[PDB]
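Computation of the quantities below employed the complete heavy-atom set of this structure, encompassing side-chain atoms and omitting hydrogens, waters and symmetry-equivalent molecules. In listed order, ligands and their atoms are each counted from 1. Proteins come first, then strands; the chains are lettered A, B, ... in the order of their sequence lines, and each starts at number 1.
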There are 2 protein chains.
Amino acid sequence: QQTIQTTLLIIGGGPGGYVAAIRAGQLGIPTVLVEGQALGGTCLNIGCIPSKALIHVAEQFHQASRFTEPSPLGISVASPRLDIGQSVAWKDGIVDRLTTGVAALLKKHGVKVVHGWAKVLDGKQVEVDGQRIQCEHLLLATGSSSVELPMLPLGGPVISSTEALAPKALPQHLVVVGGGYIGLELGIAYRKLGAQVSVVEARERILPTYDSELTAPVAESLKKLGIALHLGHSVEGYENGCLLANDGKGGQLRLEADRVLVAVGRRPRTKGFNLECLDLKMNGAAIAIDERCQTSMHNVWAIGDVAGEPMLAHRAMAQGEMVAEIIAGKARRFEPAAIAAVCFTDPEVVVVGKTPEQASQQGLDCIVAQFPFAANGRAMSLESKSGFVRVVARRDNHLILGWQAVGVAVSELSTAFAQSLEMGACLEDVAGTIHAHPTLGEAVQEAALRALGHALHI
Amino acid sequence: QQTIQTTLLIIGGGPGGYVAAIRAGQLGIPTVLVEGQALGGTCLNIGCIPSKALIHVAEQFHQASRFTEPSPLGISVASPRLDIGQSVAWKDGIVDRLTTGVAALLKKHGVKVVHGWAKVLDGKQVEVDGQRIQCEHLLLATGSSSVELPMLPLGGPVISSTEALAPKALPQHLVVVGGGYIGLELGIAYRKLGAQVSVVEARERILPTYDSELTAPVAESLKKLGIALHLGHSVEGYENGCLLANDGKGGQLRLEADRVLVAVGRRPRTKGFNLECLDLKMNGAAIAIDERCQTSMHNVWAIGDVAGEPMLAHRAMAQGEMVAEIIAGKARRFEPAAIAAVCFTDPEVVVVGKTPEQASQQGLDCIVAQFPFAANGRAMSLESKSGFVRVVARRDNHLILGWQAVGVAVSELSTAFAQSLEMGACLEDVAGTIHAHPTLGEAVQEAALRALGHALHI
Ligand SMILES: Cc1cc2nc3c(=O)[nH]c(=O)nc-3n(C[C@@H](O)[C@H](O)[C@H](O)COP(=O)(O)OP(=O)(O)OC[C@H]3O[C@@H](n4cnc5c(N)ncnc54)[C@H](O)[C@@H]3O)c2cc1C
Ligand SMILES: Cc1cc2nc3c(=O)[nH]c(=O)nc-3n(C[C@@H](O)[C@H](O)[C@H](O)COP(=O)(O)OP(=O)(O)OC[C@H]3O[C@@H](n4cnc5c(N)ncnc54)[C@H](O)[C@@H]3O)c2cc1C
Ligand SMILES: NC(=O)c1ccc[n+]([C@@H]2O[C@H](COP(=O)([O-])OP(=O)(O)OC[C@H]3O[C@@H](n4cnc5c(N)ncnc54)[C@H](O)[C@@H]3O)[C@@H](O)[C@H]2O)c1
Ligand SMILES: NC(=O)c1ccc[n+]([C@@H]2O[C@H](COP(=O)([O-])OP(=O)(O)OC[C@H]3O[C@@H](n4cnc5c(N)ncnc54)[C@H](O)[C@@H]3O)[C@@H](O)[C@H]2O)c1
């Protein structure tokens with residue numbers, strides 16, 4: 001079998017990879033992508049789309065479940081049933097349509113996609129199931145993997161995200177080790193589907209990265225939903241039919257769980273393929289990269305999760321397309337104004353830009369203003385799930401530094417938050433924009449009116 | 001009873017009125033508001049909040065109704081029941097909380113609110129149930145009323161928006177004369193609640209203000225939903241238990257309906273109170289106003305629906321606050337970049353800024369690009385209801401002139417569309433902003449990438 005020889009070789013075919021490919025095919029750089037498993041990556045096959053699609057079928061099961069009890073809406077139904085086989089078959093069709101479509105556009109722009117795992121040989125060649133492949137620029141987009149707990153190997157009963165996104169039956173009591181977006185999005189969805197759920201988390205609170213003002217609405221819904229919340233506890237074992245966790249000094253807890261879901265973090269995928277043969281500078285578990293996504297070895301490039309830093313899909317998609325353009329001549333440098341973060345928890349949290357905390361750390365004097373959804377008509381049409389919108393701005397020129405929001409159907413305000421920040425808006429431009437009634441985004445205009453000293457509905 | 005004497009007198013206590021009040025109380029102008037009926041106006045009591053809240057309970061009844069038939073989601077329920085008394089009681093609580101809150105803020109900023117109808121005496125005094133009231137600036141915010149059909153007086157069986165927002169029972173077959181947002185939002189909601197529905201409309205198509213590219217998704221859902229659509233027909237009568245409509249030359253149609261809902265338009269409220277005693281220039285059925293919302297009689301001001309022009313709440317709210325600031329000294333002029341329009345139809349249409357049509361009329365050369373939701377992951381998690389996002393930009397400097405979108409849960413993209421337009425964004429700034437995955441607003445970044453020549457998922 002003979003040498004394939006290209007200009008751009010990309011290791012990995014998830015978000016970062018297939019968009020570095022598609023734009024390099026588009027820009028006309030000879031490109032080849034290696035992909036061990038299936039295209040789209042973690043996002044399309046066992047992340048992004050299958051989680052948000054399970055969350056949706058969990059929401060529709062929950063909403064027809066509440067109508068067995070009296071509601072102020074006057075709707076009543078008997079016998080809500082969920083046999084998750086079909087929920088999963090549904091989920092799988094969607095993943096299918098989307099991987100298919102990524103092949104189509106990779107064919108369309110003509111990049112050669114070779115399957116099998118790639119063992120690196122040097123910063124120029126690679127061996128994929130026998131055939132060597134050489135290139136001028138190597139782009140690594142190997143991704144990330146889930147951290148395993150030493151006394152709690154995955155296997156059967158201990159599943160990770162990947163298997164939680166794939167039941168053939170649902171648990172009687174599921175325990176969730178880790179109270180970050182993966183644990184919470186999955187825990188809430190397991191509870192609405194009908195399983196009992198407890199979240200065990202080793203810090204003060206759920207979503208410990210985020211302040212308590214913001215995170216507090218989510219906590220209250222888990223507590224409303226019947227999801228126990230053993231904070232301050234760390235997990236030490238699972239004595240066959242029972243889980244044991246301890247709180248630091250001396251606390252107990254024997255939770256009889258028959259499914260545990262470790263969702264304790266994500267590590268850069270740097271091992272198992274010969275990355276170690278190369279002189280690459282590191283940043284903990286991840287490859288160090290400069291603002292041009294290049295490693296310490298010249299024509300080697302890293303993007304997405306392997307570069308650690310914020311581990312999200314749109315970050316990878318946006319580093320891929322930028323690398324592609326730099327190799328093709330265009331002068332670029334990844335300095336976004338912010339990378340929007342969204343958690344599809346009930347309620348949803350959205351953080352885009354600086355939090356108050358962060359603004360203080362960097363030594364800024366801030367106007368921080370908030371407008372709640374209980375004073376919002378749209379929110380009330382929607383049975384609310386109260387939270388608020390918060391704005392953070394420079395007290396001297398009102399240049400907005402960040403945006404955070406908590407509430408029902410808030411995820412789509414992120415588009416607005418990100419673009420206002422990409423443009424360099426001040427509170428004034430946001431406040432002085434007519435926002436349409438009745439929408440949840442009226443709260444964004446009012447949270448900016450309040451910072452300025454003149455809100456109308458609070 | 002004695003002369004109340006103020007600086008600013010406001011006739012009408014709906015959106016335009018109570019925000020002209022609240023900001024004039026805030027700015028400290030002696031202010032009094034007259035209000036015949038109840039605060040908040042048409043929006044809060046018989047428009048905005050009660051329609052969107054009935055649409056929501058119709059959505060929850062429909063979604064638990066579909067689960068009697070097989071779904072790919074695997075959820076099943078028996079016996080969906082809706083006795084609308086409770087849906088309406090629910091609706092009424094929300095309207096209640098919101099009117100209450102408007103009183104609170106009007107008390108808080110100390111404006112005197114006097115009830116009863118006001119008969120104008122001159123452009124300075126008014127008589128409200130006996131007591132005269134004088135002032136320096138008169139602001140009229142009398143609103144709008146629904147056009148009645150001459151051979152079809154309202155009464156019983158012929159209801160208008162106001163009574164459709166208030167059943168004690170639902171119709172067996174409801175016919176809807178008018179296929180604009182009121183008729184369609186209400187028709188779809190009557191159908192999901194379980195009533196049979198036909199829309200009769202005198203033009204080529206549903207939402208005749210809007211182009212067929214955009215409006216076509218809605219049409220297809222009405223047709224999917226079982227809502228008959230007699231376009232080209234005009235209504236001539238209702239022979240007690242049957243409706244008759246004709247199509248222009250000679251066509252028939254005898255629809256046996258036992259409820260008809262005329263939703264044939266909205267007229268400025270200029271009559272019934274002595275507005276006619278004043279020298280005001282007109283613009284058809286509405287008061288003519290300049291960019292400072294002032295009438296042809298100096299310290300007389302008009303806002304909202306009485307000024308006709310686009311008949312929407314956020315327009316009124318934003319004219320109110322601007323008048324208040326002009327009277328208090330600040331130099332202003334209402335020239336928004338656009339007034340966002342939203343229809344809570346299934347699917348939702350959102351138009352913000354220039355349509356292609358409009359851009360051609362004004363003689364502009366345009367890039368018009370579109371990105372659909374079938375190529376969008378978020379849309380698929382959501383069972384889609386496919387439509388697209390469209391962008392319109394100047395072919396010479398890519399300055400964005402407008403934004404339109406059709407689809408499920410699209411209403412919240414309006415915040416983004418409006419602010420990007422208020423800032424003067426070009427396609428580039430939108431496209432070069434990291435949008436979060438998986439959201440419906442990824443379609444907004446891609447529709448801008450496509451206009452530029454380089455989209456990634458289409
Ligand atoms: C449950 C879950 C939910 C998530 N939800 C969200 C979300 O909603 N939004 C968000 O932004 N982020 C979310 N993420 C983020 C996460 O999906 C990443 O952001 C995204 O997958 C990163 O893409 P990447 O470029 O690093 O590659 P990955 O998708 O990790 O894929 C890299 C690919 O490289 C392949 N590979 C690696 N080495 C080789 C080799 N040497 N040879 C051949 N093939 C190889 C792998 O098989 C893999 O498919 C989620 C993650 C999880 C697990
Ligand atoms: C069913 C329906 C749905 C709607 N939905 C939307 C929507 O979702 N979004 C949107 O933007 N628009 C919507 N509208 C728009 C519409 O509500 C107007 O935009 C809004 O109500 C306009 O406010 P306004 O200032 O003109 O006053 P109005 O709300 O019309 O109220 C004016 C007030 O003046 C009072 N009044 C008049 N004359 C006197 C007098 N001489 N003395 C004392 N009192 C008097 C009246 O009693 C009235 O309450 C909807 C309308 C309807 C009917
Ligand atoms: N790991 C990284 O370097 C990194 C970087 C950026 C973003 N992230 C995000 O993290 C995701 C993977 O995990 P996550 O969503 O849970 O986030 P995470 O890594 O922030 O959270 C893991 C949670 O588990 C908790 N925990 C640890 N050990 C525990 C134990 N033994 N018992 C109980 N609780 C324990 C931790 O305090 C933490 O709250 C990735 O998809 C990515 O989006 C990770
Ligand atoms: N009337 C105005 O000057 C004006 C201005 C701006 C916006 N609007 C909006 O219109 C709303 C009120 O009505 P709408 O939503 O139906 O909008 P609309 O006034 O645009 O639509 C009324 C519809 O009924 C149709 N029609 C007229 N007579 C008919 C008949 N006899 N038989 C069958 N069809 C007939 C018309 O073609 C039209 O499509 C207001 O709340 C406002 O938001 C009105």
Side-chain angles (χ1 to χ4, degrees), chain A residues 47 144 146-147 149 161 177-184 200-203 207-209 233-236 245 262-268 284-286 305 308-312 436-438, chain B residues 11-17 34-48 50-52 116-120 128 140-144 146-147 149 161-162 164-165 177-186 200-203 207-209 233-236 245 262-269 272-273 284-286 303-306 308-316 320 341-342 344:
Chain A
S144 186
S146 44
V147 174
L149 289 173
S161 13
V177 184
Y181 68 99
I182 281 78
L184 286 181
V200 187
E201 157 72 36
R203 292 226 214 181
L207 287 161
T209 6
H233 290 52
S234 302
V235 174
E236 197 195 284
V262 185
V264 308
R266 275 195 136 244
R267 58 158 83 99
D305 289 10
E309 287 187 25
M311 287 197 199
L312 312 143
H437 186 89
Chain B
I11 299 289
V34 180
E35 175 43 64
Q37 200 94 63
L39 290 154
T42 318
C43 231
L44 285 304
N45 292 273
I46 53 170
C48 312
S51 56
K52 281 16 138 230
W117 273 281
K119 298 78 180 65
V120 184
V128 180
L140 301 133
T142 24
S144 186
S146 44
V147 174
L149 289 173
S161 13
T162 306
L165 303 176
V177 184
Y181 68 99
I182 281 78
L184 286 181
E185 292 178 14
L186 271 152
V200 187
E201 157 72 36
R203 292 226 214 181
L207 287 161
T209 6
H233 290 52
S234 302
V235 174
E236 197 195 284
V262 185
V264 308
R266 275 195 136 244
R267 58 158 83 99
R269 172 131 153 252
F273 62 95
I303 65 187
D305 289 10
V306 104
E309 287 187 25
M311 287 197 199
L312 312 143
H314 31 296
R315 191 192 156 233
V342 181
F344 292 82

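- If you check which protein heavy atom lies closest to atom 46 (C) of ligand 2, you get B/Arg269 NH2, 3.4 Å.
- Note: B/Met311 CE to B/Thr42 OG1 = 10.5 Å, rounded to the nearest 0.5 Å.
- Atoms of ligand 2 found under 4.0 Å from any heavy atom of B/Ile11, numbered from 1 in the order shown, are 40 (C), 41 (N), 42 (N).
- In this structure, the protein non-hydrogen atom closest to atom 13 (O) of ligand 3 is A/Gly265 CA, 3.4 Å.
- For the pair B/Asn45/B/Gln37, no side-chain contact is recorded, criterion being any heavy-atom separation below 4.5 Å from C-beta on.
- Side-chain atoms of B/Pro15 and B/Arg315, non-hydrogen and from C-beta on, never get closer than 4.5 Å to each other.
- Below 4.0 Å from some heavy atom of A/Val177 lie the following atoms of ligand 3, by number and element: 30 (C), 32 (N), 33 (C).
- Closest protein heavy atom to atom 38 (N) of ligand 2: B/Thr142 CG2, 3.0 Å.
- In terms of protein heavy-atom proximity, atom 4 (C) of ligand 2 is closest to B/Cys48 N, 3.5 Å.
- In this structure, B/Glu201 CD and B/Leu207 CG are separated by 8.5 Å, a value rounded to the nearest 0.5 Å.
- At a heavy-atom distance under 4.0 Å, atoms from both the backbone and the side chain of B/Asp305 approach ligand 2.
- Taking distance alone, with nitrogen or oxygen atoms compared against 3.5 Å, B/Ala313 approaches ligand 2 more closely than that limit.
- Taking every non-hydrogen atom of A/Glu309 and a distance limit under 4.0 Å, the qualifying atoms of ligand 3 come out as 5 (C), 6 (C).
- Nearest to atom 15 (O) of ligand 3 by heavy atom, out of A/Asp305, A/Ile182, A/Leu207, is A/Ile182.
- Of the polar atoms of B/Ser161, none of the N or O atoms is found under 3.5 Å from an N or O of ligand 2, judged by distance alone.
- To the nearest 0.5 angstrom, B/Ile11 atom CD1 is 10.0 Å from B/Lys119 atom NZ.
- Atoms of ligand 3 found under 4.0 Å from any heavy atom of A/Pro208 (numbered from 1 in listed order, with element): 39 (O).
- In terms of polar-atom proximity, B/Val264 is not counted as a contact of ligand 4, lacking any N or O under 3.5 Å from an N or O of the ligand.
- Under the 4.0 angstrom criterion for non-hydrogen atoms, B/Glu236 is not in contact with ligand 4.
- In this structure, the protein non-hydrogen atom closest to atom 8 (N) of ligand 3 is A/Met311 CB, 3.8 Å.
- Ligand 3 is never approached by A/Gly308 to a heavy-atom distance shorter than 4.0 Å.
- With a heavy-atom cut-off of 4.0 Å, B/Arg315 does not touch ligand 2 at all.
- The atoms of ligand 2 that sit less than 4.0 Å from any heavy atom of B/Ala316 are 25 (O).
- Nearest-residue assignment for atom 51 (C) of ligand 2 (options B/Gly47, B/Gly40, B/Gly272, A/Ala436; heavy-atom criterion): B/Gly47.
- The distance criterion of under 3.5 Å between nitrogen or oxygen atoms is not met by B/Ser51 with respect to ligand 2.
- Atom 5 (N) of ligand 2 has its nearest heavy-atom neighbour, among B/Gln37, B/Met311, A/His437, B/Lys52, in B/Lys52.
- With a 4.5 Å cut-off on side-chain heavy atoms, B/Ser161 and B/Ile46 do not count as touching.
- Looking only at side-chain heavy atoms (C-beta outward), B/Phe273 and B/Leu140 come within less than 4.5 Å of each other.
- Within the 3.5 Å criterion, the main-chain N or O of B/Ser146 finds a donor-acceptor partner in the side chain of B/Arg267.
- Contacts between B/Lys119 and ligand 2, counted as non-hydrogen atom pairs separated by less than 4.0 Å, are absent for every part of the residue.
- Remark: distances from the non-hydrogen atoms of B/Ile46 to ligand 2 include one below 4.0 Å.
- Contacts of B/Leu186 with ligand 2, taken as heavy-atom pairs under 4.0 Å, are absent altogether.
- Counting the atoms of ligand 2 from 1 in the order shown, those under 4.0 Å from a heavy atom of B/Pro15 are 23 (O), 29 (O).
- Listed by atom number, the atoms of ligand 2 under 4.0 Å from B/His314 heavy atoms are 11 (O).
- Side-chain contact between B/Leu312 and B/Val342: absent, with no pair of heavy atoms (C-beta onward) separated by less than 4.5 Å.
- Of the protein's heavy atoms, B/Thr42 OG1, 2.7 Å lies nearest to atom 30 (O) of ligand 2.
- The protein heavy-atom contact nearest to atom 35 (C) of ligand 2 is B/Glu35 OE1, 3.5 Å.
- In B/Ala286, neither the side chain nor the backbone holds a heavy atom less than 4.0 Å from any atom of ligand 4.
- Protein heavy atom in closest approach to atom 16 (O) of ligand 3: A/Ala263 O, 2.7 Å.
- Remark: atom 20 (O) of ligand 3 lies closer than 4.0 Å to no protein heavy atom.
- The nearest heavy-atom contact from the protein to atom 43 (O) of ligand 3 is A/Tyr181 OH, 2.3 Å.
- Here the closest non-hydrogen pair linking B/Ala313 and B/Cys48 is CB-SG, 4.4 Å.
- Using modelled atom types, no side-chain atom of A/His437 and backbone atom of B/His314 make a donor-acceptor pair closer than 3.5 Å.
- Within a 4.0 Å radius of atom 10 (O) of ligand 4, the protein has no heavy atom.
- Distance from atom 17 (O) of ligand 3 to its nearest protein heavy atom, with residue and atom name: A/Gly180 CA, 4.4 Å.
- Atom 34 (N) of ligand 3 has its closest protein heavy atom at A/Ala202 N, 3.4 Å.
- Of the candidates B/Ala141, B/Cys43, B/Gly116, the one placing a heavy atom closest to atom 21 (O) of ligand 2 is B/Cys43.
- Against a heavy-atom cut-off of under 4.0 Å, A/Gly178 is close to the following atoms of ligand 3: 23 (C), 24 (O), 25 (C), 34 (N).
- No part of B/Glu185 comes within 4.0 Å of ligand 2, judged by heavy-atom distances.
- Looking at B/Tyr181 against ligand 2, only its side chain comes within 4.0 Å, counting heavy atoms.
- Where the criterion is an N or O separation shorter than 3.5 Å, residue side chain and backbone included, B/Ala118 meets it with respect to ligand 2.
- Taking any N or O of B/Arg266, backbone or side chain, none lies under 3.5 Å from an N or O belonging to ligand 2.
- With a heavy-atom cut-off of 4.0 Å, B/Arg267 does not touch ligand 4 at all.
- Looking only at heavy atoms of the protein, atom 2 (C) of ligand 4 is closest to B/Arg266 O, 3.4 Å.
- Under the 4.0 angstrom criterion for non-hydrogen atoms, B/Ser234 is in contact with ligand 4.
- Annotation: atom 37 (O) of ligand 3 to nearest protein heavy atom, A/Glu201 OE2, 2.9 Å.
- Checking atom 31 (N) of ligand 4 against the protein gives a heavy-atom contact under 4.0 Å.
- At a 4.0 Å heavy-atom cut-off, ligand 4 touches B/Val200 through the backbone alone.
- Within ligand 2, counting atoms from 1 as listed, the ones closer than 4.0 Å to a heavy atom of B/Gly41 are 29 (O), 31 (O), 49 (O).
- Comparing heavy-atom distances from atom 43 (C) of ligand 2 across A/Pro438, B/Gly16, B/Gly36 singles out B/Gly36 as nearest.
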